[PDB]
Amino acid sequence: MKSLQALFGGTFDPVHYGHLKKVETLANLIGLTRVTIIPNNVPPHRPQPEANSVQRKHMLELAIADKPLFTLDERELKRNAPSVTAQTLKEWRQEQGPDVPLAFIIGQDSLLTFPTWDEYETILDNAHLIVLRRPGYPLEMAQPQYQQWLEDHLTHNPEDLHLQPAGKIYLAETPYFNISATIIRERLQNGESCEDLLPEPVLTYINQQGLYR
């Protein structure tokens, strides 16, 4: 077949070394060669992002330009409706075909919440999901009847991600980074440095556009 393709979403307000370094360390132990970044739009019942739809795309494009691994998909940005995770994966399965391996990247704090998701079941119908292990936390699912759901689809051999179209779940050892989007936004208002939490081009764009200040 062709190579496995991984998808990796978020708001990215702003994009930071956490998103990038975490995924490219994953790809060095799993053999991933191509990752597509799908930025979201926040549904109106939540706080809306500080950086607008355009700036977040610009900030992404800058961090990603020197990195062949990543590529950018602006579906949800050009989309009328709010971003629903199972809808984007149902589209990629349609366009890409049924025989190509697809995987969806999530953190551990979001897998312990996975059944809280709209069409949480229909996700594993289209792609794998690679869970970024948060070191120091257990795998405790809220209702221990989809603690079985985690056990029915868990695999420890990454070959399954590369040799099957969908359906498996992988937990991956990631490093720790003490950076988030709220940290950086706060470190900016407080006036403390950030040349190690943020790509240097992205931070220059932030200073030039006056965001988070």
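Counting begins at 1, following the sequence as shown.
S.K.: So which stretch wins on mean C-alpha B-factor, 71-79 or 92-100?
M.R.: Of 92-100 and 71-79, the stretch with the higher C-alpha B-factor average is 92-100.
S.K.: Using only the Cα atoms and their B-factors as the entry lists them, report which of 183-191 and 48-56 averages higher.
M.R.: On average, C-alpha B-factors are higher across 183-191.
S.K.: Highest recorded C-alpha temperature factor, please, choosing from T174, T33, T36, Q145.
M.R.: The listed residue with the largest C-alpha B-factor is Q145.
S.K.: Among the modelled residues of this chain, does the Cα B factor of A6 put it in the lowest, middle or highest third?
M.R.: Middle third - that is where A6 ends up once the chain's C-alpha B-factors are sorted.
S.K.: Relative to the other modelled residues in the chain, which third contains the C-alpha temperature factor of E151: lowest, middle or highest?
M.R.: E151: CA B-factor falls in the highest third of its chain.
S.K.: How does the C-alpha B factor of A127 compare with the rest of the chain: lowest, middle or highest third?
M.R.: Ranked within chain, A127 CA B lands in the lowest tercile.
S.K.: What third of its chain's C-alpha B-factors does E200 belong to: lowest, middle or highest?
M.R.: CA B-factor rank for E200: middle third.
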